[PDB]
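Okay, so here's the structure we're looking at.
Neighbour counts run over all protein chains shown; Cβ positions are idealised from the backbone, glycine included. Each reported figure results from applying straightforward, stated rules to the coordinates on display, with no laboratory input.
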Amino acid sequence: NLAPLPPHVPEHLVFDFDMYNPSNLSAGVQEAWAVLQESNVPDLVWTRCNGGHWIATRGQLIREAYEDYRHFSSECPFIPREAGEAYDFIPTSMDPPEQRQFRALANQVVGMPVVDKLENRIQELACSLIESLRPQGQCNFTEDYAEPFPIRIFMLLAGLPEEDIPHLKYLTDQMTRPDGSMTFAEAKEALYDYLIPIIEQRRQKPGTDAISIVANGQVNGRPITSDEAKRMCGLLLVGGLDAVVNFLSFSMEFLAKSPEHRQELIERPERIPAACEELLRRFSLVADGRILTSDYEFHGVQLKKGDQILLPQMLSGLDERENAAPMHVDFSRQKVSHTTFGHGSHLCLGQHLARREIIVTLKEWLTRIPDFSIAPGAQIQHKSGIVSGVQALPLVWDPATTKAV
Ligand code: HEM
Ligand SMILES: CC1(C)[C@@H]2CC[C@@]1(C)C(=O)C2
Ligand SMILES: [K+]
Ligand SMILES: [K+]
């Protein structure tokens, strides 16, 4: 329902957008969020949905707010407020200067040096999964590739058993796109409960996996505590099991419906990295925010201490003020502007792993299954939330048109 409009929020700035169930969802989730960028919509609006909160609708404000951590704090980064208040993941719930010592440790476990090391394994897994699907002439992309490819790689990095994925994925799903079975707080508590004994076990018998590295790590010279390790490992799990998975599906859904773009990458594979970036812009999918630390006038609007403001990372790149004909996918786009991996001090630490996974997928899939389409009649459904996603993606193809490598 709609929360009563607070006395300080101008009546004319009200736009009741529901980030968990946008009205234009059937047209595609990015299209649904883009309604916030239609002709008569202000740069900053207030929605009475989900408890009531501000929403910056243009890249200019989104970037500015993410850069000003003194006014826009990460302490309560999720909407609804109850979720944001329970949210204590490290380093994401912290603002600089406190954030830095923890972010450095996190970067060491998922950063570029680590992705370089996972290269061959990422490559091998992508190829094995695709080769097994190839002769079948069909697949449920979300469950047969989007999920197993990146998640198995992350579980390998974290040294966690793959049989634990169903439980962990159910929990992360409730934190980003809740179905109602669990509140954010309940899902977080369950994720922490899962981690507690594992962290204790690896602090006693350290391994070479990500959890061991975090649990036995140091933060600017001093030993990390068990609680801190838990709050950081929980965040790494959420980061590695959701966004990339859903992004792969948005991208493949698009390629399945646009033979022309597939052909472009088939004929010119060297354009894959650039295509990856353009797809990251067009099918951006994350949207979290910040909380006002004090009363502050921002772009002519009076924000009050405690107000929550959603700063959709997804919207910057779809903003026509940042990219002409934003809804059009142009792998040759000159200046691909976006904040898909965030902006400011909290820039995504797993973006290098994500780009590698996306590029590897595009290359290895198009090489074996150049021609494919969405199952006839299928009405693809998207879901909206902190991280938007694709419910299911049934694909089909003629095995005769494929080739083994
Ligand atoms: C296409 C995939 C991905 C997208 C679009 C994405 C997007 C984002 C965004 C928007 C943020 C900033 C959130 C904020 O400012 O509140 C973020 C932070 C982060 N992401 Fe990603 N991410 C992706 C994949 C990954 C992967 C694979 C990992 C690996 C575990 C990961 C780990 C992290 C971490 C640890 C942070 C927190 C950094 C900090 O708070 O300083 N991400 N991501
Ligand atoms: C918004 C995010 C993508 C980012 C990494 C996982 C996530 C859901 C967070 O809680 C911080
Ligand atoms: K008012
Ligand atoms: K909090």
Identity of the residue in segment 82-99, outside any loop (DSSP other than H, G, I, E, B) and touching a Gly at 6+ places or on another chain (Cβ under 9 Å), that ends up farthest from ligand 1 (Cβ to nearest atom): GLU82
Matching option when the condition is assigned to a helix (DSSP H, G or I), closer than 30 Å to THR293 by Cα and more than 20 Å from the chain's Cα centre (by Cα), among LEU129, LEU105, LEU125: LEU105
From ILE358, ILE380, residue being buried (at least 16 other Cβ atoms within 10 Å of the Cβ), outside any loop (DSSP other than H, G, I, E, B) and of a type in the set (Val, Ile, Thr): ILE358
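Kindly provide the set of residues from segment 1-12 that are near ligand 3 (Cβ under 9 Å from one of its atoms) and either closer than 29 Å to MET175 by Cβ or of a type in the set (D, E, K, R) (or both), ordered by number.
Residues of segment 1-12 near ligand 3 (Cβ under 9 Å from one of its atoms): 5-11.
Answer for segment 1-12, where residues must be near ligand 3 (Cβ under 9 Å from one of its atoms) and either closer than 29 Å to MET175 by Cβ or of a type in the set (D, E, K, R) (or both): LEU5, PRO6, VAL9, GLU11.
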Residues being assigned to a helix (DSSP H, G or I), within 21 Å of the chain's Cα centre (by Cα) and more than 25 Å from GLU322 (Cβ to Cβ) - total across segment 7-50: 2
Count of segment 222-257 residues which are more than 10 Å from ligand 1 (Cβ to nearest atom) and β-branched (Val, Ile, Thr): 2
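The rows are residues; the columns are (1) surrounded by 18 or more Cβ atoms within 10 Å (Cβ to Cβ); (2) under 19 Å from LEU318 (Cβ atoms); (3) more than 12 Å from ligand 4 (Cβ to nearest atom).
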{"site": "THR57", "(1), (2), (3)": "yes, yes, yes"}
{"site": "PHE72", "(1), (2), (3)": "yes, no, yes"}
{"site": "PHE78", "(1), (2), (3)": "yes, no, no"}
{"site": "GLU85", "(1), (2), (3)": "no, no, no"}
{"site": "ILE90", "(1), (2), (3)": "yes, no, no"}
{"site": "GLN99", "(1), (2), (3)": "yes, no, yes"}
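Does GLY207 satisfy the condition of being surrounded by fewer than 16 Cβ atoms within 10 Å (Cβ to Cβ) and free of Cβ contacts under 8 Å to residues at least 12 places away in the same chain? Break it down stepwise before answering.
Details: surrounded by fewer than 16 Cβ atoms within 10 Å (Cβ to Cβ): yes; free of Cβ contacts under 8 Å to residues at least 12 places away in the same chain: no.
In short, no.
If a residue has to be crowded, with 16+ Cβ neighbours inside 10 Å, assigned to a helix (DSSP H, G or I) and either of a type in the set (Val, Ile, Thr) or touching a residue at least 60 places away in the same chain (Cβ under 8 Å) (or both) to count, how many in segment 132-145 make the cut? Explain how you work it out, then say what you get.
Of all residues in segment 132-145, those crowded, with 16+ Cβ neighbours inside 10 Å come to 133-134, 137, 139, 141-142, 144-145.
Checking which are assigned to a helix (DSSP H, G or I) leaves us with 133-134, 141-142, 144-145.
After this cut, where a residue has to be either of a type in the set (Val, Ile, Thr) or touching a residue at least 60 places away in the same chain (Cβ under 8 Å) (or both) as well, the list is 133-134, 141-142, 145.
Going through segment 132-145 one residue at a time, the tally reaches 5.
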Matching strands (runs of 3 or more DSSP E) fully within segment 232-334 where at least 1 residues are surrounded by 21 or more Cβ atoms within 10 Å (Cβ to Cβ) and more than 16 Å from ligand 3 (Cβ to nearest atom): 289-292, 308-310
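Among the listed residues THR208, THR172, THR183, which satisfies the condition of being among the hydroxyl-bearing types (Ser, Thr, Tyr), in contact with a helix residue (DSSP H, G or I) (Cβ under 9 Å, 6 or more places away or on another chain) and farther than 24 Å from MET252 by Cα? Write out each step before concluding.
Working: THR208 fails: in contact with a helix residue (DSSP H, G or I) (Cβ under 9 Å, 6 or more places away or on another chain); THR172 fails: farther than 24 Å from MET252 by Cα.
Going through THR208, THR172, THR183 in turn, the sole match is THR183.
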Long-range neighbours under 6 Å by Cβ, at least six apart or interchain, first residue within 26 Å of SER73 (Cβ to Cβ) within segment 331-356, second surrounded by fewer than 19 Cβ atoms within 10 Å (Cβ to Cβ) and acidic (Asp, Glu): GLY344/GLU67
Where a residue in segment 69-81 is part of a helix (DSSP H, G or I) and its partner, wherever it lies, is among the small types (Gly, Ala, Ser), with Cβ under 8 Å and at least six apart: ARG81/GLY51
Pick from segment 1-25, criterion without any contact (Cβ under 8 Å) to a residue 60 or more places away in the chain and among the polar types (S, T, N, Q), ranking: farthest from ligand 1 (Cβ to nearest atom): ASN1
